[PDB]
Structures are given as structure tokens and as C-alpha cells.
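Worksheet for the structure shown next.
2 protein chains.
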Amino acid sequence: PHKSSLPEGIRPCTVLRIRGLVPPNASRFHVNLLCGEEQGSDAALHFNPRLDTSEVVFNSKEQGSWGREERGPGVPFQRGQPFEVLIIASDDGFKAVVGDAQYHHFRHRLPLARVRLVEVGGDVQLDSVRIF
Amino acid sequence: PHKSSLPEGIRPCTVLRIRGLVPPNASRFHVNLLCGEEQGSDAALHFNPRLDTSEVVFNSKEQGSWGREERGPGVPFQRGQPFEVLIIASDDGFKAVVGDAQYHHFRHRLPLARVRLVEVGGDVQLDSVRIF
Ligand SMILES: OC[C@H]1O[C@@H](O[C@H]2[C@H](O)[C@@H](O)[C@@H](O)O[C@@H]2CO)[C@H](O)[C@@H](O)[C@H]1O
Ligand SMILES: OC[C@H]1O[C@@H](O[C@H]2[C@H](O)[C@@H](O)[C@@H](O)O[C@@H]2CO)[C@H](O)[C@@H](O)[C@H]1O
């Protein structure tokens with residue numbers, strides 16, 4: 004997995020670019036924007052493509068409780084295939100771009116100032132993760 | 004050339020992604036963010052890779068006069084070779100990403116609300132221009 008500290012927090016217009024491959028036997032993988040590395044802590048964004056159940060779930064987490072889930076339209080990910088995700092942190096929320104198209108806009112639940120850590124893991128084979 | 008309107012202007016954290024190829028005979032190509040009037044050649048951003056002089060120049064233009072040029076470090080473009088540029092419209096300015104690295108940060112001179120047209124031209128072959 005990728006696990007990167009953002010010590011200075013993220014400021015409006017941070018762009019996370021994730022390039023990788025979905026393994027042919029993949030279940031699920033995630034991109035998390037978190038407050039910190041203590042296990043089970045706050046998540047401003049939990050982005051969770053699920054190949055096993057044909058859905059992409061967005062959510063937040065506070066004080067140990069998942070929020071209200073959102074689902075993206077369809078599944079722009081395929082077993083055995085590469086992908087490129089952009090996550091664009093503006094003042095409105097997180098715009099997820101997959102492939103050549105905007106995929107979903109997840110409006111902020113937590114303050115952006117609370118993100119200190121990016122985590123990419125699960126069933127995914129990474130080419131690169133960049134924070135611009 | 005590619006020419007696309009930004010009907011609400013360029014919004015904060017707009018991401019422009021430009022994929023193309025530098026022809027083997029290239030002189031220079033440009034990405035311009037311009038005002039919306041037929042009359043107008045004001046450029047909030049003039050991004051100008053120059054293979055003939057081996058430099059990449061950033062500048063702005065207003066009322067027919069170029070401002071102070073900024074030069075990027077080296078030239079991450081090669082005749083005969085494909086490229087991917089991101090232009091990220093931030094709070095502070097335009098962040099230019101080439102390949103896998105942030106390349107140059109051009110601080111704002113013109114107001115974002117005056118940018119209405121993205122134009123890509125010169126000696127370049129485009130695969131895609133996308134506004135996220
Ligand atoms: O909300 C994200 C979490 O979902 C958890 O599974 C949910 C499931 O999606 C929902 O339909 C319902 O059954 O509640 C489950 C548990 O909260 C995952 O277990 C967890 O990993 C998150 O992805
Ligand atoms: O600032 C962008 C413009 O550069 C012009 O070329 C400059 C050149 O870079 C510099 O050496 C100067 O002293 O002479 C020229 C006049 O500005 C280009 O002609 C113009 O197209 C812009 O790219």
C-alpha cells in the first residue's frame with residue numbers, strides 16, 4: 004500500500020493522481036484521506052471501488068461511525084485492467100475523475116483542514132501516486 | 004487547434020489535462036488561457052514549450068504588452084515524443100504538471116473570471132483536451 008503524510012494539510016485545489024492496475028482476482032480497494040494513523044480514525048474521504056459487489060462507495064467517518072454512503076454511477080473499474088483516478092480537493096468537495104470523465108462529486112462532511120494522511124490500499128497494483 | 008469555451012469562466016481548482024504528441028519537426032506550441040471577446044488577446048496564461056530554442060516560457064499579456072517572462076527548469080518535451088500536461092488553476096496561481104512531476108508554478112496576474120477560452124495550438128498533435 005501507499006501511505007503518505009500531508010504534514011501541511013491539503014489546501015483548496017490539491018490534486019491526487021492515482022495510476023494502477025486492478026488485479027484479475029481483485030475484491031475491493033480504497034483511497035482514504037484521513038486525520039491520522041491511529042487505527043480507525045476520522046476519514047474526510049473513503050473512496051472504495053468494489054469489484055466483488057459491482058459498486059463504488061464514497062463515505063466519511065467520524066468518532067468511529069461511518070457516515071451516509073454515496074454510490075457513484077456504475078463501476079468505471081475492471082478486473083485485469085489499468086485505471087487513472089484524479090481526486091480534486093476544492094472548497095466544495097472532492098471531484099473524482101476516472102478515465103476521461105468526471106465520475107462523482109463528494110461534498111465535504113469534515114473540514115478539509117483535518118486531512119493529514121493519504122492511504123491507497125487493498126487489491127490494487129500501483130504504478131504511481133502523486134499529490135500536486 | 005483546440006479551442007474550448009469556459010462559459011462560467013475558469014473556476015477555482017479547474018484541472019486542464021492536455022495529451023498529445025510533439026511532431027518530429029516541431030518549432031514551438033502553446034497553451035493559452037484567454038479572455039472571451041472576439042477582440043481580445045489578453046492571456047492570463049501563455050504556456051509556450053519551445054523546441055527550437057530549448058526553453059518553456061510562461062507569461063501573461065494585457066492590452067497588447069507581454070509581462071515579465073518566467074522560464075521553467077529545462078524542457079520536459081521532446082520532438083517525436085508524446086506528452087501529458089496538467090494545468091491546475093489554484094488559489095495561488097496555475098500549477099503546470101508535465102509527466103510525473105510538478106514543473107512550474109505561475110502566480111496569478113489576471114483575474115480568473117476573465118479567462119473564458121482555452122486554446123491549444125502551434126506545432127503539436129492533440130489526442131485529448133479535457134476540462135475537469
Ligand atoms: O460505508 C463504508 C463501509 O462499508 C462497510 O460495509 C457496509 C455496507 O456497505 C452497507 O451496505 C451496510 O451493510 O453496512 C456495512 C457496514 O457499515 C464496510 O465494511 C467498510 O469497510 C466500509 O467500506
Ligand atoms: O513572453 C512570451 C513571448 O515571447 C516572445 O519572444 C520574446 C523572447 O522570449 C525574449 O527573448 C524577448 O527578448 O524577445 C521576444 C519578444 O518578447 C514571443 O515572440 C511571443 O510569441 C511570446 O511567446
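Chains as they are written, first to last, in PDB author numbering: chain A, 4 to 135; chain B, 4 to 135. Note that the Cβ used here is the ideal one computed from N, Cα and C, for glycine as well.
{"Query": "Could you tell me whether any Cβ in chain B is nearer than 8 Å to the Cβ of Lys64/A?", "Result": "no"}
{"Query": "Between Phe135/A and chain B, is there a C-beta pair that is closer than 8 Å?", "Result": "yes"}
{"Query": "Report yes if the C-beta distance between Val100/B and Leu89/B is below 8 Å; otherwise report no.", "Result": "yes"}
{"Query": "Give the range of the beta strand (DSSP E) segment to which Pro27/A is assigned.", "Result": "It is not in any beta strand (DSSP E) - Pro27/A carries neither H nor E in the DSSP assignment."}
{"Query": "Does the beta carbon of residue 2/A come closer than 8 Å to any beta carbon on chain B?", "Result": "Summary: the structure shown does not reach residue 2/A, with chain A confined to residues 4 through 135, and so no result is reported for it."}
{"Query": "Taking the CB atoms as reference points, tell me whether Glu73/B and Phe109/B lie closer together than 8 Å.", "Result": "yes"}
{"Query": "Residues in the stretch 92–121 of chain B with C-beta within 9 Å of chain A's C-beta atoms, listed in sequence order?", "Result": "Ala92, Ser93, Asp94, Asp95, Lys98, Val100, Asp103, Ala104 and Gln105"}
{"Query": "Can you check which of these residues, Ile21/A, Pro10/A and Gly67/A, is closest to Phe50/A by C-alpha distance?", "Result": "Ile21/A"}
{"Query": "Going along chain B in order, which residues have a C-beta closer than 8 Å to the C-beta of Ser131/A?", "Result": "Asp103"}
{"Query": "Under 9 Å, CB to CB, which of the residues in the stretch 11–31 of chain B have a partner in chain A?", "Result": "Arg14, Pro15, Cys16, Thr17, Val18 and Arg20"}
{"Query": "In chain B, which residues lie less than 7 Å from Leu89/A when you measure between Cβ atoms?", "Result": "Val18 and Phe135"}
{"Query": "What are the residues that DSSP puts in a beta bridge with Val78/B?", "Result": "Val78/B pairs with nothing; no bridge assigned."}
{"Query": "With distance defined between alpha-carbon atoms, name the residue in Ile13/A, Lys6/A and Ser7/A nearest to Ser93/A.", "Result": "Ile13/A"}
{"Query": "For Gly124/B, which residues does DSSP report across the bridge?", "Result": "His33/B"}
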